[PDB]
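The analysis underlying the following values was restricted to heavy atoms, covering all of them including side chains, and did not include hydrogens, waters or symmetry mates. Note on naming: letters A, B, ... go to the chains in the order of the sequence lines (proteins, then strands), and numbering restarts at 1 for each one.
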Amino acid sequence: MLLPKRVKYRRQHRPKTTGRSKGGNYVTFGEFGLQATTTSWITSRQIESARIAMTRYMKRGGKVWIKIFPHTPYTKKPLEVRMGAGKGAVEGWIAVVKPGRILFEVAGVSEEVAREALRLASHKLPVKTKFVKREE
Amino acid sequence: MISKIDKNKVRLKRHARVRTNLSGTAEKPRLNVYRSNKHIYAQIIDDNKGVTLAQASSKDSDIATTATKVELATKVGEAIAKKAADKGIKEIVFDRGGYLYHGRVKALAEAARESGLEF
Amino acid sequence: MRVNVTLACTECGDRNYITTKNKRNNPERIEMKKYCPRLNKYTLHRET
Amino acid sequence: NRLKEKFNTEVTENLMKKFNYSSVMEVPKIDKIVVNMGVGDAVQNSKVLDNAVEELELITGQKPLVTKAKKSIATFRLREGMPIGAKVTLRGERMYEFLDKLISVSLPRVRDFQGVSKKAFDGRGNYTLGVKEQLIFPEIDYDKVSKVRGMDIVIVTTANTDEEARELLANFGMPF
Amino acid sequence: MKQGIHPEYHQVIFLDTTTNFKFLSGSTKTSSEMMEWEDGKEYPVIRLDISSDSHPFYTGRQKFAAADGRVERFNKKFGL
RNA sequence: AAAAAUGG
RNA sequence: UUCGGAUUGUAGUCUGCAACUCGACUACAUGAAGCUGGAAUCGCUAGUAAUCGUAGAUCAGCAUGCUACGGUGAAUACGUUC
RNA sequence: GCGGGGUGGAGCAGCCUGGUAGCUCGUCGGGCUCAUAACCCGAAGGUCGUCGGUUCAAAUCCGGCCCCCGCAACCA
RNA sequence: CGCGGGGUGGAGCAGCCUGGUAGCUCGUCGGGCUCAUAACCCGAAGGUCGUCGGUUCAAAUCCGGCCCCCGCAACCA
RNA sequence: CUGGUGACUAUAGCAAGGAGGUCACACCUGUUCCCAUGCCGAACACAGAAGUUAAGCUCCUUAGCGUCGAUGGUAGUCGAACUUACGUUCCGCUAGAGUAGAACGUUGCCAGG
RNA sequence: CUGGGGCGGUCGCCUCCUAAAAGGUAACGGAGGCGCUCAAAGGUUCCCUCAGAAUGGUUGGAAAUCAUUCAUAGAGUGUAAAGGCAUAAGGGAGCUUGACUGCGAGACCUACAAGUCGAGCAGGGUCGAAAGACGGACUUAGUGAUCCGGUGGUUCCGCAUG
RNA sequence: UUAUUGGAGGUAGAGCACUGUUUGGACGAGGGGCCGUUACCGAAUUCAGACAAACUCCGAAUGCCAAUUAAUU
Ligand SMILES: [K+]
Ligand SMILES: [Mg+2]
Ligand SMILES: [Mg+2]
Ligand SMILES: [Mg+2]
Ligand SMILES: [Mg+2]
Ligand SMILES: [Mg+2]
Ligand SMILES: [Mg+2]
Ligand SMILES: [Mg+2]
């Protein structure tokens, strides 16, 4: 479960989600990558689910990189309370993903294995994705 | 290998600090002083135009002689005062050049005062 | 400083100035030169 | 100025010939000698620092500068500004006199003396010698020494390298 | 130097008594005895037990021979 | 005429 | 500390076949704790306690132990409630 | 929801006011006893709930996580 | 704000009235006591009298300034 | 050309290599004098001219660092039209990053050469 | 006041973000400070430059004090934050009291009452050789109207007149 | 109101130079298990890649303030 060891501010304005991916739009560590095509918050729990799925399929043969990190805390109010009286407590941590960002990368396996692993991973995520290779 | 400081550089840091607050005008030009291990130089500078009006050095043929540095500074002060008076200058502001106002610098300043420059 | 202080001219007695002092740092009646408008000159004023 | 005359006459020529200096201005010389005594127990007893200052003054010939804590350290119970050392800087004739005296009269008085460390060079031509007891110096009578404490003697030289500094000090007569 | 802060300091002759070796240098010892220098003026003399010309480490003099090895001590003790 | 228990 | 003499280095003597484990003694050098000892606890009524040495058995060698010998030589006992 | 507290094995101080961890009982060793208890002498035992912060320095001051206690949780 | 009182060994009280001298009860240390233990008896150490001044040959004591605590009373920016 | 003293967003700086001295600038020699060191004639101050270009300083070379930096494209965005789509379209403006490249300064006044 | 009221919390002032590159701008939005301090920690003149690291050095260790080098600000700026400050606004020393009196063109802010900045003039001073600087503090919190009463001063009035 | 010109300012974007956050390598000042060499390498350094209302080496479009300013109103 990824989360920063600490942050300066625990209560933060929720991030902007319109626009395109600012960076990390290319496969840079591995051979194959999973590229987001829609926008979503991605939670640490979703990251962990997808990571386990792909690594278990790869059977420890290859290497996996998580390219996104859930830096941002988001809060939630306690159950059945009225509006106001301050901001709520930190509920979880999210990474903002916009079209084009590479979520995961893999190396050290065949293209077919990478495709199947990243398919299994993508079904755990709240975004549409596409299999991508290193460009040249 | 202890380093040796550049006395002129230290002096210039001090001089720039002085010159932040001290500048010469056309009506009250700045009397700037430069001092070496042997000689002493004096200029009268209008900073608005950045032009020198009068100059006098202990290295000049008119002043060069065999005297102590303080006596040469006195002579340079008298000479610069005379040249400024000839060019029609009475009020000036004394720029000690970042040197301590003492010894040779003080002798030059007092010589100019006695010769008639009004600080 | 933690207490108010009145400085009065020691020549004419006029209470010309107010200021403040720390009583622990300066337990004595503090004194200083100040301008006395009545006498048109600087005189020694001291805490009353 | 016997040591200074030796430097002017013999050491200059020897060192210049050895290191092939194109000019005499390249010949290293001892710029200064700084004798320091760190008295950390002055925190607990200022009289210790007073005695240390008096002894250092007797050794060197001039009044020492009292050096105070630059910062507070809880473990040492040290507060910023508390006097915890003494220092004397010697230049010129006094420096040379102290140096020859240290080489000749003082160093041999070291108990079980076997020379001074040859590796105690900062790496840039300066040599620090740690004396472990003040009784070494001929100016101190052991009767009046309430406590025995050491000193650091920093010989600051114009040599750019430890090799040139070693040659200079050896020619002066430092054991090694 | 400033006036009145530094201790009294004057030229003395340090005299290594073992080798009767004199050398002139400054110091605040103020010993009473005076011995004439090569220069006419006398200065107070400081008696020295040891010096750079009298210390075994400086001079290289070996006071005592090195310790014998075990074989050599065996042989010299038992006569074989 | 202060207090001083117990022991398959 | 000129107290004390433990520990350690070197050089030896003797007995014994042989002194490393594991003997005694001598010389030179080193020079530890220890400044009269908490709770508690022991011996002794006179030639006793305390103190000083001397000899013997065992034993090639080895005693601060044991068993004997003498020299100097005390204090105290009201008394029997505990 | 608001307060109060968390310190040797137990109970309780120390916090207010930064530099100093105390008491009683318990434990261990020696003593006393035929032996145990009681008793006497001597000792060990707490990184101050756990993480961060300010400070030269934090049981102490400040903010979170945890645990316990008390009070509150009302009108339809 | 007025009037009184109090501050003394490690604790709790005198001595202040009326100038000398630091006393009493507990507490700690040593001794006697006892089979110990307690109780009891005897030796000691323990505050220089809240703090700074002032008058006197002499100050816990007399006279002032100041720091706290208590009692009663006063208080219409 | 050298020096003094100014102006300019380092295109001016840093680093490395190299050259220079009767003028001058220094290092340098001293502590009598004015002055000075919480100690020190190191520094400041003063007096001076035996020695040295070793260092400073000046000059020369460069593109390693720093600095400057387009064009083209992209992000963003004023306005309009359409739209509820984590939007689309058209027009104007137009980065940051990066690329080519610039650059080891340019100049005013005064005194000497 | 209040996402009904009670209960809880809050109420004036300063700094930042929200705040949409002038200014302003709300919520029981997100974070912190203030109700002082300093007789120098103020004025002025002169001088000075940090934190940190590496390497040597005795008691001295990872950090005490000493020395060289590197170190462009990572230090310091009384006190929150922001904006500034290494020509210092940071540090040291000498002398001092401008932490003055009368004021004030003009300007900011602003419903009012208030609040803020201010050249310059006059009087009399401090430091400085002089130019000149100085009407507190690197800047912005550290505060409370009127009525009433107390205290000092006063070439003001004084219920027929003194 | 528009045109032109000048200016104040730090948002969108972007970036990582600072403050924080963060992913993979490389290497390790130096000591420990280890004889020299098969943890920690917690340090530091370094390459590449990311995140920010209260980060900024940068930095728009607009909006704003003006001009002995022109046109229309
Ligand atoms: K999916
Ligand atoms: Mg029975
Ligand atoms: Mg028992
Ligand atoms: Mg509602
Ligand atoms: Mg704004
Ligand atoms: Mg009223
Ligand atoms: Mg009347
Ligand atoms: Mg952005």
**Message:** Using a 4.0 Å heavy-atom cut-off to protein, can you give one letter per nucleotide of nucleotides 89-103 of chain K, 5' to 3': B if the base is in contact, S if only the sugar-phosphate is, - if neither?
**Reply:** --------SBBSS--
**Fill in**
In B/S/- notation (B base, S sugar-phosphate only, - none; protein heavy atoms under 4.0 Å), nucleotides 36-44 of chain J written 5' to 3' is -BBBBSBSS
**Message:** Counting only Watson-Crick pairs (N1-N3 plus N6-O4 or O6-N4) and G-U wobbles (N1-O2, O6-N3), all under 3.5 Å, who is the partner of J:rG20?
**Reply:** J:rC57
**Item:** Residues which pass side chain to side chain donor-acceptor pair (under 3.5 Å) with D:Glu54, listed by chain and number, not counting sequence neighbours
**Value:**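 Not a single residue meets the side chain to side chain donor-acceptor pair (under 3.5 Å) criterion with D:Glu54.
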**Prompt:** For the side chain to side chain donor-acceptor pair (under 3.5 Å) test, which of C:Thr43, C:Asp14, C:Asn16 pairs with C:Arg38?
**Reply:** C:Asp14
**Message:** I need the single residue from B:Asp46, B:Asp95, B:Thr25 that forms a side chain to side chain donor-acceptor pair (under 3.5 Å) with B:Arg30. Which is it?
**Reply:** B:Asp95
**Asked** Taking only residues two or more places apart in sequence, or in another chain, which ones meet E:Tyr9 in a ring pair (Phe, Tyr, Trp, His ring centres under 6.0 Å)?
**Response**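 Not a single residue meets the ring pair (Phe, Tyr, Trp, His ring centres under 6.0 Å) criterion with E:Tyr9.
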**Nearest-Å distance once atom P is located in both K:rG43 and K:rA88** =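 14 Å, rounded to whole Å.
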**Prompt:** If only atom types and distance count, is the side chain of A:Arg134 paired as donor or acceptor with the main-chain N or O of A:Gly30 below 3.5 Å?
**Reply:** yes
Looking at [X] and [N], is any side-chain donor or acceptor paired with a base atom of the opposite kind under 3.5 Å?
X: A:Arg82; N: K:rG4; value: yes
X: A:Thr18; N: J:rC86; value: no
X: B:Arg113; N: K:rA129; value: yes

**Asked** Do K:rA54 and K:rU55 pass the stacking test of six-membered ring centres within less than 5.5 angstrom and planes tilted under 30 degrees?
**Response**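 Yes, six-membered rings of the two bases stack.
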**Prompt:** OP1, OP2 of J:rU53 versus side-chain N and O of D:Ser23: anything below 4.0 Å?
**Reply:**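 Result: no.
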**Prompt:** Distance check: side-chain N/O of D:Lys32 vs OP1/OP2 of K:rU68, anything under 4.0 Å?
**Reply:**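 Result: yes.
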Protein-nucleotides 110-113 of chain J N/O pairs under 3.5 Å:
from    : atom 1 : to      : atom 2 : distance (Å)
J:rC110 : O2'    : B:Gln55 : OE1    : 2.4
J:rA111 : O4'    : B:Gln55 : OE1    : 2.8
J:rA111 : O4'    : B:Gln55 : NE2    : 3.4

All N/O pairs under 3.5 Å across the protein-nucleotides 57-60 of chain K interface:
from   : atom 1 : to       : atom 2 : distance (Å)
K:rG57 : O2'    : D:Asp152 : OD1    : 2.6
K:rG57 : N2     : D:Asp152 : OD2    : 3.2
K:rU58 : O2     : D:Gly150 : N      : 3.3
K:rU58 : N3     : D:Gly150 : N      : 3.4
K:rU58 : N3     : D:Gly150 : O      : 3.1
K:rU58 : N3     : D:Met151 : N      : 3.4
K:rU58 : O4     : D:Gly38  : N      : 3.4
K:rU58 : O4     : D:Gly150 : O      : 2.9
K:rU59 : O2     : D:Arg149 : NH1    : 3.3
K:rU59 : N3     : D:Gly38  : O      : 2.8
K:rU59 : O4     : D:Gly38  : O      : 2.9
K:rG60 : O6     : D:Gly38  : O      : 3.2
K:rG60 : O6     : D:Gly40  : N      : 2.4

